[PDB]
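This is target-v4.pdb. It holds PDB, C-alpha atoms (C1' of nucleotides) and all ligand atoms.
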MODEL        1
ATOM      1  CA  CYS K 131      27.350  -2.070  14.281
ATOM      2  CA  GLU K 132      26.072  -5.583  13.662
ATOM      3  CA  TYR K 133      26.019  -5.257   9.869
ATOM      4  CA  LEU K 134      28.739  -4.742   7.283
ATOM      5  CA  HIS K 135      29.567  -1.115   6.485
ATOM      6  CA  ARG K 136      31.466  -2.003   3.292
ATOM      7  CA  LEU K 137      30.359  -2.459  -0.323
ATOM      8  CA  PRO K 138      29.188  -5.771  -1.820
ATOM      9  CA  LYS K 139      31.767  -7.503  -3.994
ATOM     10  CA  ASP K 140      31.449 -10.050  -6.782
ATOM     11  CA  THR K 141      31.133 -13.218  -4.674
ATOM     12  CA  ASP K 142      28.666 -12.220  -1.952
ATOM     13  CA  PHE K 143      25.820 -14.576  -2.802
ATOM     14  CA  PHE K 144      22.915 -14.976  -0.394
ATOM     15  CA  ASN K 145      19.917 -17.274  -0.209
ATOM     16  CA  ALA K 146      17.184 -16.803  -2.790
ATOM     17  CA  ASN K 147      14.471 -15.966  -0.252
ATOM     18  CA  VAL K 148      16.429 -13.307   1.616
ATOM     19  CA  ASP K 149      17.035  -9.952   0.051
ATOM     20  CA  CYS K 150      20.744  -9.486  -0.568
ATOM     21  CA  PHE K 151      20.566  -6.278   1.459
ATOM     22  CA  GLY K 152      19.371  -8.079   4.622
ATOM     23  CA  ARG K 153      15.615  -7.700   4.075
ATOM     24  CA  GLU K 154      13.149 -10.358   2.901
ATOM     25  CA  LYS K 155      11.718 -10.849  -0.594
ATOM     26  CA  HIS K 156       7.990 -11.307  -1.174
ATOM     27  CA  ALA K 157       6.320 -12.857  -4.215
ATOM     28  CA  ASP K 158       3.903 -10.254  -5.597
ATOM     29  CA  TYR K 159       6.675  -7.818  -6.625
ATOM     30  CA  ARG K 160       4.200  -5.081  -5.541
ATOM     31  CA  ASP K 161       2.331  -2.763  -7.896
ATOM     32  CA  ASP K 162       4.363   0.450  -7.677
ATOM     33  CA  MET K 163       7.576  -1.619  -7.702
ATOM     34  CA  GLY K 164       8.600   0.059  -4.479
ATOM     35  CA  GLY K 165      10.507  -1.778  -1.816
ATOM     36  CA  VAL K 166      12.002  -5.214  -2.459
ATOM     37  CA  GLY K 167      12.080  -7.549  -5.441
ATOM     38  CA  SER K 168      10.311 -10.884  -5.783
ATOM     39  CA  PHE K 169      12.016 -14.253  -5.487
ATOM     40  CA  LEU K 170       9.831 -15.509  -8.344
ATOM     41  CA  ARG K 171      11.605 -13.372 -10.956
ATOM     42  CA  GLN K 172      15.281 -12.589 -11.445
ATOM     43  CA  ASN K 173      15.918  -9.027 -12.614
ATOM     44  CA  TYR K 174      19.017  -6.892 -12.148
ATOM     45  CA  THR K 175      17.865  -3.581 -13.643
ATOM     46  CA  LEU K 176      15.965  -0.832 -11.874
ATOM     47  CA  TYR K 177      14.028   2.236 -12.951
ATOM     48  CA  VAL K 178      15.508   5.545 -11.836
ATOM     49  CA  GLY K 179      13.562   8.697 -12.604
ATOM     50  CA  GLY K 180      13.775  12.366 -11.819
ATOM     51  CA  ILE K 181      15.693  15.346 -13.155
ATOM     52  CA  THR K 182      16.160  15.843 -16.911
ATOM     53  CA  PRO K 183      18.477  18.871 -16.969
ATOM     54  CA  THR K 184      20.327  18.655 -20.294
ATOM     55  CA  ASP K 185      21.795  16.180 -22.788
ATOM     56  CA  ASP K 186      24.555  15.191 -20.330
ATOM     57  CA  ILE K 187      22.078  13.014 -18.425
ATOM     58  CA  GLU K 188      23.940   9.908 -19.592
ATOM     59  CA  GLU K 189      27.272  11.015 -18.149
ATOM     60  CA  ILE K 190      25.831  12.382 -14.905
ATOM     61  CA  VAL K 191      23.895   9.176 -14.189
ATOM     62  CA  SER K 192      26.945   7.079 -15.131
ATOM     63  CA  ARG K 193      29.060   9.036 -12.657
ATOM     64  CA  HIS K 194      26.394   8.813  -9.952
ATOM     65  CA  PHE K 195      25.782   5.082 -10.410
ATOM     66  CA  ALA K 196      29.088   3.372 -11.199
ATOM     67  CA  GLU K 197      30.422   3.984  -7.701
ATOM     68  CA  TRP K 198      27.737   1.724  -6.196
ATOM     69  CA  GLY K 199      28.701  -1.415  -8.082
ATOM     70  CA  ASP K 200      29.556  -3.115 -11.336
ATOM     71  CA  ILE K 201      27.444  -2.117 -14.360
ATOM     72  CA  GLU K 202      26.346  -4.245 -17.316
ATOM     73  CA  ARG K 203      24.032  -1.866 -19.201
ATOM     74  CA  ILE K 204      22.815   1.737 -19.002
ATOM     75  CA  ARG K 205      19.931   3.126 -21.063
ATOM     76  CA  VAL K 206      18.810   6.726 -20.544
ATOM     77  CA  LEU K 207      15.776   8.288 -22.213
ATOM     78  CA  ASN K 208      16.674  11.626 -23.795
ATOM     79  CA  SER K 209      13.158  13.082 -23.979
ATOM     80  CA  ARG K 210      12.305  12.510 -20.305
ATOM     81  CA  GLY K 211      14.296  12.022 -17.123
ATOM     82  CA  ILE K 212      14.235   8.228 -17.157
ATOM     83  CA  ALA K 213      17.205   5.866 -16.859
ATOM     84  CA  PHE K 214      17.362   2.054 -16.530
ATOM     85  CA  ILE K 215      20.820   1.107 -15.295
ATOM     86  CA  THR K 216      21.278  -2.670 -15.326
ATOM     87  CA  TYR K 217      23.622  -4.106 -12.718
ATOM     88  CA  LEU K 218      25.652  -7.291 -12.943
ATOM     89  CA  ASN K 219      24.655  -8.681  -9.535
ATOM     90  CA  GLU K 220      21.594  -8.637  -7.315
ATOM     91  CA  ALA K 221      23.679  -7.380  -4.391
ATOM     92  CA  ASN K 222      24.979  -4.259  -6.115
ATOM     93  CA  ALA K 223      21.632  -3.643  -7.820
ATOM     94  CA  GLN K 224      19.641  -3.614  -4.592
ATOM     95  CA  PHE K 225      22.374  -1.730  -2.723
ATOM     96  CA  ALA K 226      22.228   0.995  -5.372
ATOM     97  CA  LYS K 227      18.433   1.019  -5.232
ATOM     98  CA  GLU K 228      18.519   1.641  -1.487
ATOM     99  CA  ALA K 229      21.407   4.125  -1.828
ATOM    100  CA  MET K 230      20.083   6.302  -4.690
ATOM    101  CA  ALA K 231      16.560   6.887  -3.351
ATOM    102  CA  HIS K 232      15.572  10.477  -2.536
ATOM    103  CA  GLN K 233      19.081  11.623  -3.413
ATOM    104  CA  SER K 234      20.454  14.435  -5.548
ATOM    105  CA  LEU K 235      21.938  13.749  -8.970
ATOM    106  CA  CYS K 240      14.685  13.771  -5.580
ATOM    107  CA  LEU K 241      15.231  10.570  -7.559
ATOM    108  CA  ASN K 242      12.223   8.274  -7.986
ATOM    109  CA  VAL K 243      14.026   4.922  -7.928
ATOM    110  CA  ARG K 244      11.862   1.862  -8.563
ATOM    111  CA  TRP K 245      12.080  -1.660  -9.961
ATOM    112  CA  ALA K 246      12.090  -2.340 -13.679
ATOM    113  CA  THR K 247       9.154  -3.857 -15.548
ATOM    114  CA  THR K 248       9.204  -6.787 -17.974
ATOM    115  CA  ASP K 249      10.691  -5.638 -21.266
ATOM    116  CA  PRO K 250       8.224  -5.307 -24.159
ATOM    117  CA  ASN K 251      11.097  -5.558 -26.650
ATOM    118  CA  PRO K 252      11.070  -8.925 -28.455
ATOM    119  CA  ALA K 253      14.796  -8.383 -29.034
ATOM    120  CA  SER K 254      15.729  -7.313 -25.502
ATOM    121  CA  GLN K 255      13.821 -10.240 -24.000
ATOM    122  CA  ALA K 256      15.789 -12.694 -26.143
ATOM    123  CA  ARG K 257      19.185 -11.381 -25.044
ATOM    124  CA  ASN K 258      18.091 -11.131 -21.407
ATOM    125  CA  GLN K 259      16.908 -14.728 -21.495
TER     126      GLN K 259
ATOM    127  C1'   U E   1     -71.333  -7.523  67.295
ATOM    128  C1'   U E   2     -65.116  -4.664  67.526
ATOM    129  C1'   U E   3     -60.449  -3.490  63.267
ATOM    130  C1'   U E   4     -57.231  -3.501  59.308
ATOM    131  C1'   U E   5     -54.117  -4.781  55.504
ATOM    132  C1'   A E   6     -53.494  -5.745  48.662
ATOM    133  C1'   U E   7     -50.034  -0.002  44.584
ATOM    134  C1'   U E   8     -48.684  -2.815  36.456
ATOM    135  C1'   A E   9     -45.345   0.459  34.163
ATOM    136  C1'   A E  10     -40.464   2.983  32.944
ATOM    137  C1'   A E  11     -35.135   2.506  26.934
ATOM    138  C1'   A E  12     -32.068   1.775  22.661
ATOM    139  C1'   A E  13     -30.806   0.374  17.417
ATOM    140  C1'   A E  14     -32.798  -0.248  12.203
ATOM    141  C1'   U E  15     -37.086   0.673   9.345
ATOM    142  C1'   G E  16     -36.884   6.503   9.103
ATOM    143  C1'   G E  17     -34.847   9.799   5.981
ATOM    144  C1'   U E  18     -28.276  15.223   3.478
ATOM    145  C1'   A E  19     -29.577   7.451  -1.985
ATOM    146  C1'   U E  20     -25.685   6.463  -5.068
ATOM    147  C1'   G E  21     -21.635   5.170  -9.141
ATOM    148  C1'   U E  22     -17.637   6.883 -11.343
ATOM    149  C1'   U E  23     -12.652   8.219 -11.110
ATOM    150  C1'   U E  24      -3.627   9.641 -12.414
ATOM    151  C1'   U E  25       1.442   6.094 -18.268
ATOM    152  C1'   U E  26       9.135   3.062 -16.868
ATOM    153  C1'   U E  27      11.761   1.074 -22.037
ATOM    154  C1'   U E  28       9.028  -1.849 -27.941
ATOM    155  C1'   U E  29      12.160  -1.692 -33.299
TER     156        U E  29
HETATM  157 ZN    ZN G 301      26.194  -0.488  10.540
ENDMDL
END
Go ahead and render the structure in this file as structure tokens.
Amino acid sequence: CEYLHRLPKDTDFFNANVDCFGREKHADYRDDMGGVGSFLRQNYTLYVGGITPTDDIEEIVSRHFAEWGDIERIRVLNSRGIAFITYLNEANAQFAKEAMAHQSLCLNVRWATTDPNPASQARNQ
RNA sequence: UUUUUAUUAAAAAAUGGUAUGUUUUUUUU
């Protein structure tokens, strides 16, 4: 093949326009947050949704996500099957997004929305 | 005083006839 079959590592920066996964990044960031991020905003966390079996959702998603890259933050909603793993790098984040879609933990993986938390926005900034 | 010749056209759409307007959520602390 003409593309790397290995996993992104820490220093694998790419140009801002190009998606780190080889695709191209638009500007509108879509409406359903589906395919590829926007070069106008820099986010590393992605919505993953789907099964809500039991209380061990945190550990199952941690096991099923840490093997895709380096993790900075994980927040899982207990009431509903929603998790918001935050990755350290764009490369690992987008690789995980394209690797955890329609998989078994089907997962409804999307891009995260702007935080409404006045406290979370401050620490993110 | 014998014979004539002269030949337009012409089908389709909208008016016009099963109006129209509405309509599904990822974080707060
Ligand atoms: Zn390949």
Would you list which chain K residues are within 12 Å of chain E using all atoms listed in the file, as a ChimeraX atom specification? /K:162-163,175-180,204-208,210-215,242-255
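A straight line drawn from CA of residue 154 in chain K to CA of residue 216 in chain K is 21.4 Å long.
Using all atoms listed in the file, residues with at least one atom at most 9 Å away from any atom of ligand ZN 301 (chain G) are residues 131, 132, 133, 134 and 135 of chain K.
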Interatomic distance between CA of residue 150 in chain K and CA of residue 170 in chain K? 14.7 Å
Target residues per the PyMOL selection byres (((chain K and resi 199) around 12) and not hetatm), formatted as a CSV table (one decimal) with C-alpha atoms, keeping the file's coordinate frame:
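Saved result, out-v2.csv, follows:
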chain,number,residue,atom,x,y,z
K,136,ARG,CA,31.5,-2.0,3.3
K,137,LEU,CA,30.4,-2.5,-0.3
K,138,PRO,CA,29.2,-5.8,-1.8
K,139,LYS,CA,31.8,-7.5,-4.0
K,140,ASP,CA,31.4,-10.0,-6.8
K,174,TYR,CA,19.0,-6.9,-12.1
K,192,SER,CA,26.9,7.1,-15.1
K,193,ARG,CA,29.1,9.0,-12.7
K,194,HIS,CA,26.4,8.8,-10.0
K,195,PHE,CA,25.8,5.1,-10.4
K,196,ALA,CA,29.1,3.4,-11.2
K,197,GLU,CA,30.4,4.0,-7.7
K,198,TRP,CA,27.7,1.7,-6.2
K,200,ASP,CA,29.6,-3.1,-11.3
K,201,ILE,CA,27.4,-2.1,-14.4
K,202,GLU,CA,26.3,-4.2,-17.3
K,215,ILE,CA,20.8,1.1,-15.3
K,216,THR,CA,21.3,-2.7,-15.3
K,217,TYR,CA,23.6,-4.1,-12.7
K,218,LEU,CA,25.7,-7.3,-12.9
K,219,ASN,CA,24.7,-8.7,-9.5
K,220,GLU,CA,21.6,-8.6,-7.3
K,221,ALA,CA,23.7,-7.4,-4.4
K,222,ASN,CA,25.0,-4.3,-6.1
K,223,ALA,CA,21.6,-3.6,-7.8
K,224,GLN,CA,19.6,-3.6,-4.6
K,225,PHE,CA,22.4,-1.7,-2.7
K,226,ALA,CA,22.2,1.0,-5.4
K,227,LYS,CA,18.4,1.0,-5.2
K,229,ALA,CA,21.4,4.1,-1.8
Atom pair CA of residue 165 in chain K / CA of residue 181 in chain K: separation (Å):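 Separation between CA of residue 165 in chain K and CA of residue 181 in chain K: 21.2 Å.
Nearest residue to residue 151 in chain K, choosing from K:257, K:228, K:188, K:241 and counting only C-alpha atoms: K:228.
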